[PDB]
Amino acid sequence: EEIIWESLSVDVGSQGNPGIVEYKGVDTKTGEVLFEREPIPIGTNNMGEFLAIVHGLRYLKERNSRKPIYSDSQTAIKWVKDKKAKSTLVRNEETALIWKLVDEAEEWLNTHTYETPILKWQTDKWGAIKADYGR
RNA sequence: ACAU
DNA sequence: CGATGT
Ligand SMILES: [K+]
Ligand SMILES: [K+]
Ligand SMILES: [Mg+2]
Ligand SMILES: [Mg+2]
């Protein structure tokens with residue numbers, strides 16, 4: 001119903017899918033960019049969406065912040081809930097980097113706790129998530 | 001079908 | 001138009 005403005009919003013951007021993947025997190029209210037991941041040469045949209053949420057969790061925990069995270073990705077929200085990213089991307093030399101990051105994000109989820117609500121951004125009602133790349 |  | 005996902 002109502003946007004929770006006191007929140008962090010995340011989104012992925014890519015050049016190709018699979019292709020070059022980046023992501024960022026912003027203050028939902030103001031749009032201030034709070035973190036941005038260096039582009040990863042080959043990944044999928046959903047791996048990026050998942051890494052963005054997990055980085056948001058780590059960012060908020062380190063800062064003792066109870067803010068929720070918004071993501072527009074049905075898939076990534078579920079992968080985080082499950083602590084398991086069920087990507088189809090082949091494992092090879094060119095995908096080694098993103099798969100290492102995905103593996104390590106799952107490992108972090110499996111070794112830490114958090115109460116952070118992970119909320120679905122309702123794009124149909126509210127427009128594009130505030131972290132969107134505008135691509 | 002829904003979400004990207 | 002194509003791809004990633006539940
Ligand atoms: K975009
Ligand atoms: K589809
Ligand atoms: Mg998105
Ligand atoms: Mg977007």
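Naming convention: chains lettered A, B, ... in sequence-line order (proteins, then strands); numbering from 1 in each chain.
- Look at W121(A) and you won't find any side-chain N or O under 4.0 angstrom from OP1 or OP2 of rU4(B).
- The shortest distance between the side-chain N/O atoms of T123(A) and the OP1/OP2 oxygens of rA3(B) is not below 4.0 Å.
- Between the OG1 atom in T116(A) and the NZ atom in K67(A) there is a gap of 11.5 Å [rounded to 0.5 Å].
- Atoms CG and OH, from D11(A) and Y23(A) in turn, are 12.5 Å apart once rounded to the nearest 0.5 Å.
- Rounded to whole Å, the distance from CG on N17(A) to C1' on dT4(C) is 5 Å.
- Using a 4.0 Å heavy-atom distance criterion, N46(A) is classed as a base contact.
- Rounded to an integer number of Å, the gap from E22(A) CD to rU4(B) P is 19 Å.
- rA3(B) atom P lies 18 Å from atom CH2 of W79(A), rounded to whole Å.
- The nearest whole Å value for the distance from the CD atom in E49(A) to the P atom in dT4(C) is 15 Å.
- At least one side-chain heavy atom of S73(A) sits under 4.5 Å from a side-chain heavy atom of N46(A).
- A straight line from CD1 of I42(A) to P of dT4(C) spans 12 Å, rounded to a whole angstrom.
- Between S87(A) and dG5(C) there is a side-chain polar atom (N or O) within less than 4.0 angstrom of OP1 or OP2.
- Annotation: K84(A), atom NZ; neighbour count of heavy atoms from other residues, nucleotides and ligands within 6.0 Å does not exceed 12.
- One interatomic measurement links the two molecules: CG of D124(A) to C1' of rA1(B), which rounds to 14 Å at whole-angstrom precision.
- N45(A) has its CG atom 11 Å from the P atom of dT6(C), to the nearest Å.
- Taking only side-chain nitrogens and oxygens, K86(A) comes nearer than 4.0 Å to OP1 or OP2 of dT6(C).
- Of the side-chain N and O atoms in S73(A), none sit less than 4.0 angstrom from OP1 or OP2 of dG5(C).
- Panel note: side chain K130(A), backbone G25(A); no donor-acceptor pair is recorded below 3.5 Å.
- Note: NZ (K78(A)) to P (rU4(B)) measures 17 Å, nearest angstrom.
- Closest to the side chain of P18(A), from the set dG5(C), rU4(B), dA3(C), is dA3(C).
- At the phosphate of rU4(B), OP1 or OP2 sits under 4.0 Å from a side-chain N or O atom of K120(A).
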